[PDB]
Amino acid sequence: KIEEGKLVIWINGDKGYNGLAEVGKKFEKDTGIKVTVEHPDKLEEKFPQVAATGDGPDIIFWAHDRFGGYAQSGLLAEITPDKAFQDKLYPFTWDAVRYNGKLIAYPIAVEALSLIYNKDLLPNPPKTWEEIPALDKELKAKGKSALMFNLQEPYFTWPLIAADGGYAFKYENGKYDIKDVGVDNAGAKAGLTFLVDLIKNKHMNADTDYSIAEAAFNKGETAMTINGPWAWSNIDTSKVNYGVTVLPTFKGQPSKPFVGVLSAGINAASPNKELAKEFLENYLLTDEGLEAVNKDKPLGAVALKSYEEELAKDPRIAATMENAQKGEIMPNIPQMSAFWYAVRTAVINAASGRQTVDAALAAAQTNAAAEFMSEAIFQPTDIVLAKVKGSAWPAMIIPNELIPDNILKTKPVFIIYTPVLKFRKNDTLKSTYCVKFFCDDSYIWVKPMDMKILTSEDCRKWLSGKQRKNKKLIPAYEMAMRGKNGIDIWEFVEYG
């Protein structure tokens, strides 16, 4: 599906993807390059499993917190803007997408959750979470409720959990300590206990989700919701008379939203990196590109200084920014998805009554500390199943140092092997690889989507079943069942 000459773009379903697709059409009009914007379910979960397959996007949009994990797994291409372009965006938005000294994406916009409230039902929103049980009593008498927001995603409940001292990873001396997790300390427990009590006393329901909360507020059934800038569009349509303001305090301390930077990363496996850079820098990251997206669904405070000086007059933006300053910029470290999943499970189990607050958070604490497992990155000397198309044939990835010069010339448009002989590793996925087939000795250039890692257990399973009835592939599989240790790759290149 991904192929040279075209762009496939993924962005989340709550973002202004029709607006983004209008920028895509402008790009297609001027350049002839087709742009397809998609918004699949669970895209932040899917990207790592399909980035190296034919089903990956060239460009992925998400909050920066997922991008450290992607980069550690080699899925993101390094971004290389000159000083002039960097000067166009705020420094702190670049740092959000800096990973191990490298720029790993283009920042787009800054997102924080705010308290949104119906100015008709409630001209004086509570400054404190504590006021809300009594406020809901009063509103229940009038056929309404005080507050509804998405309880299925920890993003929305984290500000309350963090208010009295909950945190993700301890930050000191400019680095995150991954073994110091603040998920089950007395503060986090206090905040999640408050949430569960709101449920128990019937002021909120445990299965309220994004669209339930959205419909409810937009129809005037609830005085308040908690949401981001992307949601202001549908409230405008509603003609609910609404304000956007600072989240309530908990035990006198501000709610502390995790702040996100919507960012666009480029798939390291993509053959369209230069096109992707042209689209992002020259079409999206301009006043008119960003405006088209923002008029579909508000971006928040954009990273682009020129367009932001316009947007910054909006009091809804100022409120976002105030909440952002009371919260934390999310870490981009690879441990973040394990943290999010751990806390997601904890909140859903506690709110539903399926587990206590103490036991839910204690399990989340240990889970959030699990060692991060990066996706493997195709390396030279790796043993693969390679498709000439052409049927899949066992082969070895050849390092550039060993590639016969004639074969180099046909290339598409350190691992220490020996004290003197070292192979530069692949830092990321590549758009093309030079492999050499076993018991065949021919070379080919392949895309990653046409390679699959081949283990020895893979070989046996093949050499044990009905697949062995295909005789021509037996010596191939049985050379590769040896593993890369059992093959002198210098010999294999030199003499077959």
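Throughout, we count residues from 1 along the sequence that is shown.
The entry shows an unbroken chain from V420 to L421, with no unmodelled residues of the deposited sequence in between. Going from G390 to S391, the model skips 1 to 3 deposited residues, which lack coordinates. Between 137-145 and 106-114, the higher mean Cα B-factor belongs to 137-145. Here 284-292 and 400-408 are compared by their mean Cα B-factor, and 400-408 comes out higher. Taking the deposited Cα B-factors for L385, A351, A359, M336, the highest one is held by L385. The maximum CA B-factor among the listed residues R460, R66, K430, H39, taken from the PDB record, is found at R460. Sort the chain's modelled residues by C-alpha temperature factor and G252 lands in the lowest third, per the entry. Residue-level temperature factors show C434 in the middle third of its chain, judged at the C-alpha atom. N426 sits in the middle third of its chain by CA B factor, as recorded in the PDB entry. Among the modelled residues of its chain, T237 has a C-alpha B-factor that falls in the highest third according to the deposited record. In this PDB entry, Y443 carries a Cα temperature factor that places it within the highest third of its chain's modelled residues.
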